[PDB]
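S.K.: Provided hereafter are the protein sequence and its experimental coordinates.
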Amino acid sequence: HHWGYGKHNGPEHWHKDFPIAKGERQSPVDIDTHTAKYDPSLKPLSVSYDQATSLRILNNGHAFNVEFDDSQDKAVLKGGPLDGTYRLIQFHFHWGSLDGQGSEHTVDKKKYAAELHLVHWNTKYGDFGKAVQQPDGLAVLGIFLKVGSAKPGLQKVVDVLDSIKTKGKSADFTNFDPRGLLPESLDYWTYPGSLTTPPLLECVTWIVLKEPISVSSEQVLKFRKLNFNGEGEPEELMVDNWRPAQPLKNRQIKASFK
Ligand SMILES: COCCCN1C=C(N)c2cc(S(N)(=O)=O)sc2S1(=O)=O
Ligand SMILES: [Hg+2]
Ligand SMILES: [Zn+2]
């Protein structure tokens, strides 16, 4: 059956239809801060989200995605461990049913309440479709969310959630500024990995920021009221839409900070 996060179609079952699930560079992974290699050759990240053009927000049955117009170099990510320019195409979150879980990546086994993923594709390849067939096609900027004070930049997103409660629903979501979701520091960990959801394609250069952003419990609570199910179907709360940590195998997590 189509994949999900439940007992019968969750992560532990993905390998059956997506054999790459047991591959060599699978994500997420536990970032062991004591084994991560500080690397001085890593340039600082260059986040140019000033001309970002958000188009809409959609509930796809696995999470809610905010999509952006990537027809041109509007919102891009450069520098860091990247060669070339990567265009922002969408961002989504993974969250849990309780504040002590939700993130996909963990830091020294610590799970955060949620994790924001800003998906970018390598312009060198022409289009998103070609990028996903390439061993450096995607760059996903991951940001952890911890329950504390409210994140004002996240409110516009929280306010529209009622309109996309169920699978398949979408709502116009223009003029959203993704910069309001960035933490203060751009320090990060980076490693070669994959999409954390099927098709689990292996070509994401993961860039996980060190500093998490704070969101109120009320803000994360609204995430938890979404539905995996489409309208008319039995209600299944959208929570715990995260993949557990995969074995690091033959990889090293580089750090841009000491
Ligand atoms: C062949 O088409 C593949 C399409 C993959 N896309 C959908 C996934 N759910 C997905 C998961 C992503 S994540 N969470 O690992 O960054 S990104 C992302 S995605 O690159 O925007
Ligand atoms: Hg790939
Ligand atoms: Zn994700």
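M.R.: That came through fine. Numbering: from 1, shown residues only. Ligands and ions are numbered 1, 2, ... in the order given.

S.K.: near ligand 1, which residues of the stretch 51-200 of the chain?
M.R.: Proximity of the stretch 51-200 of the chain to ligand 1 (Cβ under 6 Å from any ligand atom) is limited to residues 90, 117, 119, 132, 138, 140, 195-197, 199. From N, CA and C alone the C-beta is placed, and that goes for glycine too.

S.K.: what do you get if the cut-off is 8 Å, keeping everything else the same?
M.R.: Counting by Cβ under 8 Å from any ligand atom, the stretch 51-200 of the chain comes close to ligand 1 at 60, 62-63, 65, 89-90, 92, 94, 104, 117, 119, 121, 128-129, 132, 138, 140, 142, 194-199.

S.K.: hang on, residue 13 is in a helix, isn't it?
M.R.: Yes - counting by DSSP: H, G, I helix; E, B strand; the rest coil, residue 13 is found in a helix.

S.K.: Grab the nearest non-local neighbour of it.
M.R.: residue 3 (7.4 Å; Cβ to Cβ, 6 or more residues apart in numbering).

S.K.: List only buried entries from the residues of the stretch 51-200 of the chain next to ligand 1.
M.R.: 62-63, 65, 89-90, 92, 94, 104, 117, 119, 121, 128, 132, 138, 140, 142, 194-198 (16 or more other Cβ atoms under 10 Å).

S.K.: re the thing from before, pretty sure the residue nearest to residue 13 is touching residue 9, no?
M.R.: Yes - the pair residue 3 and residue 9 passes the contact test of Cβ atoms under 8 Å, sitting 5.4 Å apart.

S.K.: Between the two, which has more neighbouring residues?
M.R.: residue 3 (19 against 15; other Cβ atoms under 10 Å).

S.K.: just checking, residue 20 touches residue 202?
M.R.: Yes - counting by Cβ under 8 Å, residue 202 is a contact partner of residue 20 at 6.3 Å.

S.K.: which residues do those two both contact?
M.R.: 26, 194 (Cβ atoms under 8 Å, 6 or more residues apart in numbering).

S.K.: Now, the buried ones among the residues of the stretch 51-200 of the chain next to ligand 1 that are in strands?
M.R.: Among these, the ones falling in strands (DSSP state E) are 65, 89-90, 92, 94, 117, 119, 121, 138, 140, 142.

S.K.: Let me know how buried residue 59 is, in neighbour terms.
M.R.: 24.

S.K.: who touches it in this structure?
M.R.: Per Cβ under 8 Å, 6+ apart, neighbours of residue 59: 164-170, 226-227, 238.

S.K.: now with 7 Å?
M.R.: 164-167, 169, 226 (Cβ atoms under 7 Å, 6 or more residues apart in numbering).

S.K.: With ligand 2 as the reference, measure out to it.
M.R.: 26 Å (Cβ to the ion, to the nearest Å).

S.K.: just to revisit the earlier point, now, which of the contacts of residue 59 sits nearest residue 248?
M.R.: residue 226 (31.4 Å; Cβ to Cβ).

S.K.: show me what contacts the closest one?
M.R.: 59, 64, 161, 165, 238.

S.K.: Quick check on the first one: phi, psi?
M.R.: This means residue 59. With angles defined as degrees, to the nearest 10, residue 59 sits at phi -100, psi 120.
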